[PDB]
Amino acid sequence: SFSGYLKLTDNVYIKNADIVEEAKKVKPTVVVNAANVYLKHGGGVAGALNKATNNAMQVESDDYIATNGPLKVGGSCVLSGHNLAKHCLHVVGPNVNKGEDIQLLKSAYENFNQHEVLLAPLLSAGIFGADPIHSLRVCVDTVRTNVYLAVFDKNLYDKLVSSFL
Ligand SMILES: CN1CCOc2cccc(NC(=O)Nc3cnc4[nH]ncc4c3)c21
C-alpha cells in the first residue's frame with residue numbers, strides 16, 4: 001500500500017514524490033491527473049503521466065473528447081489508468097495562468113469524493129498558477145475520502161508541511 005506519507009488530517013496524507021514513480025510502485029485504484037478541459041496532456045503532471053503511458057493516455061483522451069466534447073473547469077472524467085493505476089480520474093482545476101476563477105478549485109476537489117482512495121497531485125498548483133498552500137487548504141477542507149498527495153518539488157513539500165495549520 002502507500003508508504004512514507006506524512007499524515008496531515010484523518011484522511012489527507014502527503015509525500016515528496018514524483019507521482020509517476022509513485023503510481024508505478026503502488027498501482028493505485030485511482031491516480032488523479034491535473035487535466036485541462038481538452039484533455040491535451042502536454043506538460044506538468046498531465047504531460048508526465050501521459051509520457052509514462054507511451055502516449056496511450058492521449059490516444060484514449062482524444063477519442064473521449066471526439067465523442068463527448070470538452071470537460072467543464074471544475075469537472076472530471078474517469079478513464080483508464082493504463083500502466084499506472086486501474087483508473088485515471090482526470091480533474092480540471094482552474095488555471096490562473098489562463099485567467100480562470102480560483103473559486104472553482106473547491107468544485108474540482110469535490111470530484112475526489114466519488115472515490116474511496118486516490119493518489120493525487122495538488123490541483124491548480126505547478127503550471128496551473130495557483131498558490132499550492134491554498135490548494136492544500138481547499139483539499140483538506142473539501143475531500144472526505146482518503147487522499148495521498150504527491151508533491152514533486154522538495155522545497156515546496158517542506159514549505160507545505162511546515163506551514164500547515
Ligand atoms: C521519472 N519517472 C519514473 C518512471 O518513468 C517515468 C516515465 C515518464 C515520466 C516520468 N516522470 C515524470 O515525468 N515526472 C514528472 C515530471 N514533471 C512533473 N511536473 N509536475 C509533476 C511532475 C512529474 C518517469
Side-chain angles (χ1 to χ4, degrees), residues 1-6 8 12-62 64 71 73-98 100 102 104-105 108-109 111-112 115 117-140 142-143 146-164:
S1 61
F2 292 92
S3 74
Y5 284 75
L6 183 102
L8 297 180
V12 180
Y13 295 83
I14 193 165
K15 186 182 186 177
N16 174 33
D18 174 343
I19 194 173
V20 171
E21 293 177 10
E22 195 70 6
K24 290 184 175 176
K25 186 120 201 62
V26 172
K27 309 209 173 150
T29 304
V30 179
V31 66
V32 175
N33 179 31
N36 54 55
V37 297
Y38 305 110
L39 301 185
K40 281 302 185 221
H41 310 303
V45 169
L49 292 174
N50 176 58
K51 180 178 171 193
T53 74
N54 181 48
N55 211 51
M57 176 181 289
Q58 190 65 64
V59 167
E60 176 194 33
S61 294
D62 285 349
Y64 173 91
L71 280 66
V73 176
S76 72
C77 69
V78 179
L79 294 175
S80 179
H82 300 277
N83 56 318
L84 304 173
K86 178 167 194 180
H87 300 300
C88 176
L89 178 73
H90 295 272
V91 182
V92 186
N95 188 321
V96 176
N97 295 325
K98 301 195 195 162
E100 289 161 4
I102 194 60
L104 296 159
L105 186 55
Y109 272 117
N111 296 283
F112 285 28
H115 297 279
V117 59
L118 316 89
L119 171 64
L122 287 169
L123 300 179
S124 294
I127 71 181
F128 280 63
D131 180 352
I133 295 176
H134 176 61
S135 184
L136 176 57
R137 173 30 56 189
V138 176
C139 178
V140 160
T142 305
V143 181
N146 296 321
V147 58
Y148 292 83
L149 298 167
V151 177
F152 186 85
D153 195 274
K154 173 55 169 167
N155 294 137
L156 174 61
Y157 172 82
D158 287 346
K159 179 171 171 53
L160 283 168
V161 172
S162 69
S163 61
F164 184 67

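Each residue takes its place number in the sequence, starting with 1. First listed ligand is number 1; within each ligand, the first listed atom is number 1. The basis for the numbers below is simple: all heavy atoms, side chains too, and nothing from hydrogens, waters or symmetry mates.
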Is the closest side-chain donor-acceptor distance between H41 and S61 under 3.5 Å? yes
If we ignore angles and hydrogens, is there a donor and acceptor under 3.5 Å between the side chains of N50 and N55? yes
Give a yes or no on whether a salt bridge exists between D153 and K159, defined as a side-chain N under 4.0 angstrom from a carboxylate O. no
ring-ring contact (aromatic ring centres under 6.0 Å, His included) with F112: which residues, sequence neighbours excluded? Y109
Count the heavy atoms belonging to other residues, nucleotides or ligands that lie under 6.0 Å from CG of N54, then report whether that count exceeds 12. no
Quick check for you: to the nearest 0.5 Å, what is the distance between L39 atom CG and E60 atom CD? 9.0 Å
Distance dump, ligand 1 polar atoms to protein, N/O, under 3.5 Å:
unit_1   : atom_1 : unit_2 : atom_2 : d
ligand 1 : 5 (O)  : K24    : NZ     : 2.8
ligand 1 : 11 (N) : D18    : OD2    : 3.2
ligand 1 : 14 (N) : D18    : OD1    : 3.1
ligand 1 : 14 (N) : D18    : OD2    : 3.1

